[PDB]
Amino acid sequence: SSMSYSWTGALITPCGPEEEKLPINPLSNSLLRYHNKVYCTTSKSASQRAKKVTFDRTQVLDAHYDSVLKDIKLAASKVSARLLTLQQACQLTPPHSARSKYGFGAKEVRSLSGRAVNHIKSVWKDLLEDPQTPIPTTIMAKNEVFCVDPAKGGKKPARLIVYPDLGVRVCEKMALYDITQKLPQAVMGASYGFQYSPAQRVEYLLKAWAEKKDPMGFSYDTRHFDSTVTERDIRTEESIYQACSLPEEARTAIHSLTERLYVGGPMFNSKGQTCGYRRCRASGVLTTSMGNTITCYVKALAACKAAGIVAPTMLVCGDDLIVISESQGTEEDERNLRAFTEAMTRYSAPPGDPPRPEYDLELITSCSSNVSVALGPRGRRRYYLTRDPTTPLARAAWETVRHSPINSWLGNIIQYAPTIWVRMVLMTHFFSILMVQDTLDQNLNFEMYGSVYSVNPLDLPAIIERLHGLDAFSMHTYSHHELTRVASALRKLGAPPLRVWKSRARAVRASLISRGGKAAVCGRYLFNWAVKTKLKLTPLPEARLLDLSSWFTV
């Protein structure tokens, strides 16, 4: 029936400057050598992405979908949600959010400047008086760094980003922020990923696996998910939102945003010319993550009933999906997954990589990560979350006039502290760089899920123990898969082999311990793996004083 996009012909032009790589990368040219392999998606490739996301969606639902949606609206009805004040919505604006056509930006929005507070006030009234006129949006290509894969066709084109004016974005937080904070948790319960730290995510999947008698898992991911979201999906989202207990003023504005913004509208490039019309999810609205995850949950759960998946346990993060279920035999499990996919395709959530039943937890990869197992020094299995380090290493090398890789490094040391590649590569290079700059004690910003938390490099032992436990400093033996991948990835980027990093780390640790104090605590805990005769590590008192609750949530 409906096309996800249609285009006028105007190019998807850049939002200001697109950085040039430099001839010397002085913070990462001692980390790896093949900098030619590290690129950034640019607005030029946006045309290629546009072709790949423009297609006719033909959705066909059934009594399983219908049934699931009923159950989810009923779960939704248990939620009560408030309007946010204009002032509170204003103050959730990030400090550098794209400015407004109306002569103000994030600085004035966050500071409750009168010109801004006024304009937003009238933007809001228009939402309650006008339930129909489309709201214009800007389309820009996303700038993200990857490592070239010639197997996957050179460089990836840039994802398409579609957002309204800053004034509108404040208004959606007034109407919908409180619901984003409560609805996903409410209708999915423990199935909602985006509430788990890496260690917690591992507990959940481990616990799921073990309570199955003959467990079987698979992961699923949708192909160009935003462009698969039908107009009917987005209104079905509105009805899910309206299931909750809401002030009538919210309901009006929620419906108005849905009809004028979420179900679609015209897009303008950064030069200002009409670019195309959109009839799918705009990745850029406040409801992007919540919409994605709830709509993915409905279809995925409907398809589970369609394919006869027995005793499913799900984990949903956007459009990434893990299902641990009871295995009906290898023969039936393959047939069931084909049914799941045939159903998901009928619902307009077609797959990228076709899913496949697996019976070993390490073999299931979703959210760009997988559980893996390492032994302690005595033989105790410890489980943990890891990933292919290729993209983290590539972003470790993105280094230009306007961007520093050092935050990237921190975020991986925090998020993947138990991994062999963080412990031996990133941690070593991180602490070597900061010592030489004599910036060990200078705060860095850790970035996760839009928020931004200040951390002091010398607090990493306490932070890591609070997040992953003391097992993060004592993984002795890693798995055949993990060793194979990390070795491969380091070769692929011209980084030294792990053998060399062990040498480098002994030096770093020496220097850390030498300067005593909190630096020496980092040397002893974070680098205990590097020395022949390991020190007995004890719990850190400061770790018990640490509230990281908000770090890995939304």
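So that there is no doubt, residue numbering starts at 1 and follows the sequence shown.
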query: 145-153 versus 476-484 - which carries the larger mean C-alpha B factor in the record; finding: 145-153
query: Stretch exceeding the other in mean C-alpha B-factor - 269-277, 403-411; finding: 269-277
query: Of the residues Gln132, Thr391, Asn292, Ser372, the one carrying the largest Cα B-factor as recorded; finding: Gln132
query: Top residue by Cα temperature factor, when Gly329, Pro164, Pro418, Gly217 are compared in the entry; finding: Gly329
query: Record-listed C-alpha B factor of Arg395: chain third; finding: lowest
query: Ranked against its chain, the third holding the CA B-factor of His64; finding: highest
query: Ranked C-alpha temperature factor of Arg356 among modelled chain residues, by third; finding: middle
query: Third of the chain, ranked by Cα B-factor, where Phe431 sits; finding: lowest
query: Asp438 CA temperature factor, ranked by third within the chain; finding: highest
